[PDB]
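Everything on this sheet refers to the single structure shown next.
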Amino acid sequence: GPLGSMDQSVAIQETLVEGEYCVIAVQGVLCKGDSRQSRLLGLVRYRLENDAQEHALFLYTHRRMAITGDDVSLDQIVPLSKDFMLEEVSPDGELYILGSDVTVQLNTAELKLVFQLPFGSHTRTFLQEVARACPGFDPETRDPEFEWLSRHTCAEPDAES
């Protein structure tokens, strides 16, 4: 009974693979038309025996309640790059878009979706990890890295969903 956090992080760790290192992984939502969908987020930090490390934003699919980690594995890949940027949705709420929820819109070079994560709690940890994941709030940030992702082959795309 860890209390304060579910097992998202663990779920990925099991699905991930040895030698690697899981840092954080929450659970967001994706709303389209009138069909609600559930997506499992994950962040993995990979280091080299020579120091030189790299980060990438892993995407894990999952059923409605397949969060457990039992039936969820790599579904896509999103490597942090300069073209990466997060945009808040027009508040027009009262003073805050979050509070009781988290409204964030990822505007990458091509990736453009809407994720609704739960207010802080386990979501806050994710935000901070992303910042250090490479951006390290630098005014001259511009050095994408993904040459090591090729290592990953992701689950078999035989889903035919």
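For neighbour counting, all protein chains shown are included, and Cβ atoms are generated from backbone atoms with ideal geometry for every residue, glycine included. Read-outs throughout are calculated quantities, based only on the coordinates presented, and are distinct from any laboratory measurement.
Starting from the amide H of residue 75, placed 1.01 Å from N in the peptide plane, find each other amide H under 5 Å away whose residue is 5 or more places distant or on another chain. Under 5 Å from the amide H of residue 75 lie the amide H atoms of 59, 60, 61, each far enough along the sequence or on another chain. The phi torsions of segment 34-43, fed into the Karplus equation with coefficients 6.51, -1.76 and 1.60 and a -60° offset, translate into couplings of 9, 10, 6, 10, 10, 10, 9, 8, x, 10 Hz, rounded to whole numbers, with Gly and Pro shown as x. When the helices of the chain are scored as -39500 (n - 2.57) per DSSP H run of n ≥ 4 and the total is divided over every residue, the value at 222 nm lands at -3000 deg cm²/dmol.
Among 75-84, 1-10, 151-160, sorting by the average number of other beta carbon atoms lying within 10 angstrom of each residue, highest first, gives 75-84, 1-10, 151-160. When each of 62, 122 is scored by the number of other beta-carbon atoms lying within 10 Å, the sequence from fewest to most is 122, 62.
Each principal axis of the Cα atoms in segment 78-161 has its own extent, and those three values, largest first, are 45, 40, 24 angstrom. Converting phi to 3J(HN,Hα) with the Karplus coefficients 6.51, -1.76 and 1.60 and the offset θ = phi - 60°, segment 26-31 yields 10, 9, x, 9, 9, 9 Hz in sequence order, with x at every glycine or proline. Put a plus charge on the Cβ of each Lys and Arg, a minus charge on the Cβ of each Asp and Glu, and nothing anywhere else: the dipole of the chain about its Cα centre is then about 380 debye.
For segment 116-123, putting each phi into the Karplus relation 6.51 cos²θ - 1.76 cosθ + 1.60 with θ = phi - 60° gives couplings of 10, 8, x, 2, x, 6, 8, 6 Hz, in residue order, rounded to whole numbers and with x for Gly and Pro. Within the chain, DSSP assigns beta bridges of which about 100% are antiparallel (rounded to the nearest 5).
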